[PDB]
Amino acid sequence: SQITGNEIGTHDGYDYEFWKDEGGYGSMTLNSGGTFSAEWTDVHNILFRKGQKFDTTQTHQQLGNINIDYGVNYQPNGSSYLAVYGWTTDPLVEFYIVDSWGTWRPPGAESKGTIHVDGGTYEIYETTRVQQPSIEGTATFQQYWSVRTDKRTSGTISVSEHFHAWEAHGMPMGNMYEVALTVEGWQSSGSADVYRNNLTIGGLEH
């Protein structure tokens, strides 16, 4: 139990964040590179993540091919997501590429289509967030989703391929603000040991 309250910073080359709203408790331990362990108990909403933040001057095409090689001993007890999460600006977009989840597969919307990638099948969704918190304050923005049809807890997530498919399905993306492997908990308890999380751009460390 190293971090037990809202905190944002950098650790061993990765931008990390612990975030929760009121209720229950959570613990995050930062390990080498993109790795970390997380534990949560009776929370309303909690997010643990490690990844990379950007200056917001480049589209994902300008950055290059973004990949995350990961592995998580994922043990949620209730609702939870294992996903690559992040944001773009201009337009402001919050996004999730979900590989596993707890008791509920997100996001409750009508699928806009599929994406075959990294040996799996993902369904694409888009939802609107009205006057909700964001990296730019209270705002109304779109939330994009790629959600695997079956659960997976290791492998490579070809992030750029999801981004290209969202744009091809008419869901535009702004300049990149953040991309990070994330474990989210909702009205639940759980544990997740992210023992591998290697984020590369064009094959190189950011």
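Residue numbers here begin at 1 and follow the sequence given.
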item	value
192 to 200 or 19 to 27, whichever carries the higher mean Cα B-factor	19 to 27
Mean C-alpha temperature factor, higher of 124 to 132 and 94 to 102	124 to 132
Selection by C-alpha B-factor (highest) of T153, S160, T41, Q143	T41
Peak C-alpha temperature factor (PDB record), options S111, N77, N73, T88	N77
Chain-relative CA temperature factor third for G170	middle
Third of chain Cα B-factors occupied by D69	lowest
Modelled-residue ranking by C-alpha temperature factor, third containing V179	lowest
Within-chain third of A139 by Cα B-factor, per the entry	highest
Chain-relative CA temperature factor third for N45	highest
